[PDB]
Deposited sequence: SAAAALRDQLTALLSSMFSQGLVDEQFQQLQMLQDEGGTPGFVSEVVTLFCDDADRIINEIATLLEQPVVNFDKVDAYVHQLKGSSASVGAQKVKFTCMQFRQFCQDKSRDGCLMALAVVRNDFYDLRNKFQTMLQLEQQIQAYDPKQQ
């Protein structure tokens, strides 16, 4: 059936997200939490919005004549925590390393770290957006 084909598409996508290392056990636990029916889709939507917002706030801080490195570090820590909670482990590990550049008070190191944050966020956002579209069709 059409429904069965979409289910297999979604299973295939989720399996590749885990097998490629993009998500960890915390993401598996979101699926357990849901077992509210669109819970995971809403969590993922909000995470995409929030991460994108925080990445942009960090970028802005790093554009200032004087960089407030304590506030950079605090925003990175927030993103680390939200990423951990959805299972976005690569974004999480990049945030962990990112603290050292705040301690070094290196604007250029923070900028290079934020570019890696974007790389890992966009890789996962890609798979999340495809998941959302599949989830939408399945829920129809």
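Numbering the deposited sequence from 1, one finds several regions with no C-alpha coordinates, namely 36 to 38, 144 to 149.
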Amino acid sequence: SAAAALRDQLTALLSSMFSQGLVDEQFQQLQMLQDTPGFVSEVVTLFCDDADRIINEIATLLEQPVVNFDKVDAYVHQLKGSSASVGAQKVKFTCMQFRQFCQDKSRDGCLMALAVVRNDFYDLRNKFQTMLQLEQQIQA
From here on, numbers count along this sequence of modelled residues.
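Legend: mean Cα B-factor per stretch from the PDB entry, 96 to 104 versus 110 to 118; the higher mean is in 96 to 104. Between 119 to 127 and 5 to 13, the higher mean Cα B-factor belongs to 5 to 13. Comparing the listed residues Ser83, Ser41, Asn56, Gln64, the entry records the largest Cα B-factor for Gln64. Taking the PDB entry at face value, the top CA B factor among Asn68, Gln28, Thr45, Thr60 belongs to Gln28. When all modelled residues of the chain are sorted by CA temperature factor, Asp73 is found within the lowest third.
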